[PDB]
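Chain residues, written in single-letter form:
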2 protein chains.
Amino acid sequence: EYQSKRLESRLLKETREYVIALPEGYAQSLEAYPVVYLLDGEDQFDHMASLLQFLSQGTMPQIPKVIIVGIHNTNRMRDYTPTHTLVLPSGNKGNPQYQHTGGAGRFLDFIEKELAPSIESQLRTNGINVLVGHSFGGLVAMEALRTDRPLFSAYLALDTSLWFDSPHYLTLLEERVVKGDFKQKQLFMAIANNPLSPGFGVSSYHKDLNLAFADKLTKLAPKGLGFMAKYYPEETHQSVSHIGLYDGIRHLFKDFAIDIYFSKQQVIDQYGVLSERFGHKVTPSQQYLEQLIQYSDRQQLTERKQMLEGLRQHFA
Amino acid sequence: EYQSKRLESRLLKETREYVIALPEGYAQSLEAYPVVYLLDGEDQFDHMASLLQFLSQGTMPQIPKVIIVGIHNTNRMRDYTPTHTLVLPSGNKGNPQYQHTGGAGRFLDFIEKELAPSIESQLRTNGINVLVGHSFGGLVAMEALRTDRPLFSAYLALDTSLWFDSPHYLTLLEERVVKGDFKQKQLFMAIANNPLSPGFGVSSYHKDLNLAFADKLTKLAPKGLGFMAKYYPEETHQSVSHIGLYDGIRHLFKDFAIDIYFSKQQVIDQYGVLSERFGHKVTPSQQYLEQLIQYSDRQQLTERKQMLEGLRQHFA
Ligand SMILES: [Cl-]
Ligand SMILES: [Cl-]
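The record lists X-ray crystallography as the method behind this PDB entry and 2.120 Å as its resolution.

Enquirer: What am I meant to see in a nonpolar patch on the surface here?
Expert: A cluster of nonpolar side chains, A:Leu196, A:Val202 and B:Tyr261, forms an exposed patch at the surface whose accessible area comes to about 360 Å². With respect to the helices, strands and loops of the structure, A:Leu196 is situated in strand β8 (residues 196-197).

Enquirer: Would you explain the nonpolar core in this entry?
Expert: Nonpolar side chains tend to gather and get buried jointly when the protein is soluble and globular. Counting residues in each nonpolar core, the largest one holds 87 residues, and the members touching the most others are A:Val132, A:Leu245, A:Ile249, B:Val132 and B:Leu245. Setting aside its immediate chain neighbours within four residues, A:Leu245 contacts A:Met48, A:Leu51, A:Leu52, A:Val132, A:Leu156, A:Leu158, A:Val240 and A:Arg250.

Enquirer: What exactly am I supposed to notice about the environment of A:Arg106 here?
Expert: Residue and element names in this part refer to chain A. Relative to the elements of secondary structure, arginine 106 occurs in helix α3 (residues 104-122). Accessibility expressed as a relative area gives 59% for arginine 106, which makes it exposed. Between the C-alpha atoms of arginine 106 and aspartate 79, which are 27 residues apart in sequence, the distance is 7.2 Å.

Enquirer: Please clarify how the pattern of salt bridges should be interpreted in this entry.
Expert: Two side chains bearing opposite charge may form a pair once their charged atoms approach each other closely. If you walk through the whole model with that rule in mind, you get 27 salt bridges over all chains. The salt bridge partner of A:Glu17 is A:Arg6, with a shortest N-O separation of 3.8 Å. Here A:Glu17 is found in strand β2 (residues 14-21), whereas its partner A:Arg6 is found in strand β1 (residues 2-9), with 11 residues between them in sequence. Look at A:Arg6 and you get exposed, because its relative accessible area is 64%. We note a salt bridge from B:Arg149 to B:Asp109, for which the minimum N-O separation is 2.9 Å. Of the two residues, B:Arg149 is situated in the loop between α4 (136-146) and β6 (154-158) and B:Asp109 in helix α3 (residues 104-122); the sequence distance between them amounts to 40 residues. Assessed through its relative accessible area of 10%, B:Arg149 is described here as buried. Overall, the relative accessible area of 26% leaves B:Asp109 in the partly exposed class.

Enquirer: Hey, could you run me through the sheet that holds β6(B) in this one?
Expert: Working definition: the strands of a sheet are paired by backbone hydrogen bonds and lie parallel or antiparallel to each other. All names here are of chain B. Across the sheet, which stays open at both edges, the eight strands sit in the order β1-β2-β4-β3-β5-β6-β7-β10 with mixed pairing between neighbours. Each edge of the sheet is formed by a strand with only one pairing partner; in this case those strands are β1 (2-9) and β10 (225-231). Across this sheet, the average inter-strand angle for adjacent strands is 20°, counted without regard to direction. The pairing of strand β2 (residues 14-21) with strand β4 (residues 67-71) spans four bridges and is antiparallel.

Enquirer: Quick question: what am I supposed to make of the packing of helix α9 (residues 286-298) of chain B against helix α10 (residues 304-314) of chain B here?
Expert: When two helices pack together, their arrangement is captured by the angle between the axes and the distance separating the axes. Residue and element names in this part refer to chain B. With their axes 8 Å apart at the nearest point, α9 and α10 run at an angle of 160° to one another. The angle between α9 and α10 places the two elements in the roughly antiparallel class. Handedness of the crossing formed by α9 with α10: left-handed. Here α9 contributes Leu289, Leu292, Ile293, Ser296 and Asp297 to the contact with α10, which in turn contributes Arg304, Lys305, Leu308, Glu309 and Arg312. The class makeup of the residues in the contact of α9 with α10 is four nonpolar, one polar and five charged.

Enquirer: Just to check I follow, could you spell out α3(B) for this structure?
Expert: Side chains three or four residues apart in an α-helix point the same way, a direct result of the helix having 3.6 residues per turn. Residue and element names in this part refer to chain B. Under the 1.5 Å per step criterion, the end-to-end length of α3 is 25 Å for 19 residues, consistent within 8% with the ideal 27 Å. Where α3 bends most, at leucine 115, the angle is about 35°, and the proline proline 117 comes one to four residues later. If you check which residues of α3 are buried, you get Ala104, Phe107, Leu108, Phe110, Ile111, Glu112, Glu114, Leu115, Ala116, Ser118 and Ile119.

Enquirer: It is not clear to me how the interface of chain B and chain A should be interpreted in this structure. Could you clarify?
Expert: It is common to give the size of an interface as the accessible area lost on bringing the parts into contact. Chain B puts 21 residues into the contact, and the matching count from chain A is 20 residues. When chain B packs against chain A, close to 1800 Å² is buried across both sides, 68% of that on carbon and sulfur atoms. Interface area lost by chain B to chain A is led by B:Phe54, B:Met60 and B:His242, which between them contribute 29%. Between chain B and chain A we count two salt bridges in total. Taking the shortest distance from any N to any O, the salt bridge between A:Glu235 and B:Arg250 comes out at 3.5 Å.

Enquirer: Help me understand the sheet that holds β1(A), please; the structure alone is not making it clear to me.
Expert: Residues and elements named next belong to chain A. With mixed pairing, the eight strands of this open sheet are ordered in space as β1-β2-β4-β3-β5-β6-β7-β10. Whereas interior strands pair on both sides, the edge strands pair on one side only; in this sheet they are β1 and β10 (225-232). If you compare each strand with its neighbour and ignore which way they point, the axes differ by 20° on average. Bridge count between β1 and β2: eight bridges; the pairing is antiparallel. Considered in β2, the bridge of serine 4 is made with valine 19. Packing of helix α1 (residues 41-56) onto the sheet brings it into contact with β1, β2, β3 (33-38), β4 (67-71), β5 (125-134) and β6 (154-158), and relative to β4 it is tilted by some 165°. Taken strand by strand, helix α4 (residues 136-146) contacts β5, β6, β7 (185-192) and β10, and its axis lies near 135° from that of β5.

Enquirer: Would you explain the side chain of A:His47 in this entry?
Expert: Among the structural elements, A:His47 can be located in helix α1. In contact with A:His47, other than residues within four places in its own chain, are A:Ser241, A:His242, B:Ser50 and B:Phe54.

Enquirer: Would you explain the packing of helix α8 (residues 264-278) of chain A against helix α10 (residues 302-314) of chain A in this entry?
Expert: Residues and elements named next belong to chain A. At a closest axis distance of 9 Å, the pairing of α8 and α10 adopts a crossing angle of 40°. Judged by the sense of rotation from one axis to the other, the crossing of α8 with α10 is right-handed. Of the residues in α10, those touching α8 at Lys264, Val267 and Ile268 are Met307, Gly310, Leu311 and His314. For the contact of α8 with α10, the class distribution of residues is four nonpolar, two polar and one charged.

Enquirer: Please explain the environment of B:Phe164 as it appears in this structure.
Expert: Residues and elements named next belong to chain B. Relative to the elements of secondary structure, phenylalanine 164 occurs in the loop between β6 and α5 (168-179). We classify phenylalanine 164 as buried; its relative accessible area is 0%. Sequence separation between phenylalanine 164 and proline 198 is 34 residues, and the spatial gap between their C-alpha atoms is 9.0 Å. Those residues within four positions of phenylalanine 164 in sequence are excluded, and the remaining contacts are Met77, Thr81, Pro82, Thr83, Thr85, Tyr98, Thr101, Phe136, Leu139 and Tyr169.

Enquirer: What am I meant to see in the relation of the copies chain B and chain A here?
Expert: One copy of the chain maps onto the other through a rotation about an axis followed by a shift along the same axis. The operation relating chain B to chain A is a screw motion whose rotation component is 179°, with 0.1 Å of axial translation and a residual RMSD of 0.3 Å. Accordingly, the operation relating the two chain copies is best matched by a two-fold axis. Here 90% of the contact residues of chain B are again contact residues in chain A; the copies associate through an equivalent surface.

Enquirer: In this structure, what is going on with the packing of aromatic side chains? I would like to understand it.
Expert: The relative placement of two aromatic rings is captured by the distance of their centres and the angle of their planes. All names here are of chain A. If you walk through the whole model with that rule in mind, you get 29 aromatic pairs over all chains. Ring plane angle 65° and centroid distance 6.1 Å describe the contact between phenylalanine 136 and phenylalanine 164, whose orientation is recorded as edge-to-face. With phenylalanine 136 in helix α4 and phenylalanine 164 in the loop between β6 and α5 (168-179), this pair connects stretches of sequence that are 28 residues apart. Exposure remark for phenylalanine 136: the relative accessible area of 10% places this residue in the buried category. Through a chain of ring-to-ring contacts, the aromatic side chains of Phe253, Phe256, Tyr271, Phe278 and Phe315 assemble into a single cluster. The ring of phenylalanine 110 carries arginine 16 above its face, with NZ or CZ at 5.2 Å from the centroid.

Procedures and definitions
- Residues numbered from 1 in each chain as written, not as in the entry; some residues may be left out.
- Chains lettered and ligands numbered in written order.
- Heavy atoms only, no water.
- Residues with missing side-chain atoms left out of burial classes, pairs and counts.
- Patch = residues over 30% accessible without salt bridge, like charges linked within 9 Å, V, L, I, M, F, W, Y side chains within 5 Å.
- Areas by Shrake-Rupley, 256 points an atom, 1.4 Å probe, with all protein chains shown as cover.
- Salt bridge = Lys/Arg side-chain N within 4 Å of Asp/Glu carboxyl O.
- Helix = DSSP H or I, 4+ residues; strand = E, 2+ residues; numbered from the N terminus.
- Core = buried A, V, L, I, M, F, W, Y, C linked by side-chain atoms within 4.5 Å.
- Buried < 20%, exposed > 50% of the residue type's maximum accessible area, 1.4 Å probe, protein only.
- Contact = heavy atoms within 4.5 Å.
- Pairing = 2+ DSSP bridges.
- Axes fitted to C-alpha atoms, helices over the stretch in contact; angles between N-to-C directions.
- Parallel < 35°, antiparallel > 145°, perpendicular 65-115°, else oblique.
- Left-handed = near helix turned anticlockwise from the far one by under 90°.
- Nonpolar A, V, L, I, M, F, W, Y, C, P; charged D, E, K, R; others polar.
- Expected span 1.5 Å × (residues − 1).
- Bend = angle between axes of the 7 residues up to and from the residue.
- Buried area = accessible area lost by both parts, 1.4 Å probe.
- Least-squares fit on C-alpha atoms.
- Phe/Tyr/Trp six-rings, centres within 6.5 Å; stacked < 30°, edge-to-face > 60°.
- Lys NZ or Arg CZ within 6 Å of the ring centre and 35° of its normal.

This is the structure in structure tokens:
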């Protein structure tokens, strides 16, 4: 269940369409939620949104409730590439739409100055914003991190097209990593085993770039960046967007869970750690605490019911 | 994008609702597809159907195209329970809808005698039918296998509620396993790590029933049954429906992929093995072959195009 919306971009000089999925229970309180921005909305929103909602529903949600925003494309080669090139890594000319490359900076300015402000004005957001980009969308994610964009706390880069304008762009990326000292950011990379690489046909060049880059991040361990990568040998470039999101989003929010099987102070301290990791206050979801109190209340479960009440009162 | 359907069940003496998702390209050829029947359609169809369609789209599909049938419930405790009992495993009374338990036989009859014939008279189906049951729906899968229902060749049992009417029902299942000699059947079990077991509270009783039955199937190795189980320690009883189908359906269709990087006969033999495994004729998807020939055709690929075209003719 989504809303279909439009925004006139004065920056990009065109109409921009997007889709919003509100979390179940949204209308029933003043709870503010995180926002997961999804690139390639037209292609990826349906399967990604349905997964995100499945993971957050039930009595034992695996991730918290989130607002989902799917961003639709107009000129993808312009908006998703951070640098300009007319050629593939082979030196051979890319398709005619390569003439438009190099506008990721401007597209990001649309997200931060036009889209996000509009979203945050319309809905109750909690200051935690996630960006999910697959393929070229991954370069938007890498470029947001590279340019120290303040909006996003966490990035999921699913089989990023790092081969694009390589070695030039990749070199800029590496140099940001070496400089390090990130503003409490998080990065997750899903790496697939695609047998092809654009410009080369049957080759592992695309894959090898991702694996080498992930290895360098791990080896350099820049300060202020939570990083994790997963290699999927049985996935392809396109098929990895679903499982990559699965594992990346579950990883991102794994420590938000409160296992009722434990004390009030343990929960406060755990959310303190999450607040410092995200670089923004993070408090347990009001809905989530109400369920726990219901699972306790309904099941006569210990002082736990009462620990959960005070804990609800703490963050009130 | 589904089709909302209705069938007057003479057997069940009620109106039965269901949803159909046709594979992409359906209207474009005379190709016949397998049918994946999903139980608990009201709650599970949306995320399962989006995953299934996602896994079979693109130039390197992970599973073949299928017809997805989601079956909605009316009286779930009546239709999803193979035996009748008014009590939980603890001996305490179940909720008042326990009085209707034991109708899984008739609900399966509904599928074979009314629903499947109706689907098959309306759509181009290829003889390969798969049943996906989660929780209590997992018990329907078990009973279909237990009572040798001829319609289905493969079953996905996702965190089966084996605790229901235990130890009685479970013993009936075990008796069937020992008797073995299945008629080229397939069973996949997903086993989650839920901290609760109905009627027991915090208890691994439900999980233990699953793990021990899987161990029994593995050790006993009944003739004529391809079996595999996967345990998910980071999943709950409800959350495992998704990743359980993900891995289950991928495992079922794993050997259907043709890597053209190989001979006409290698695929003939490959499909001979699949046919013997499903106990029914299995042939490469017409769309899939056409995808392979056009890639080959595009990439000036040897007489691989010719080999594939050779394959194309053999199965015509
Ligand atoms: Cl930063
Ligand atoms: Cl049999």
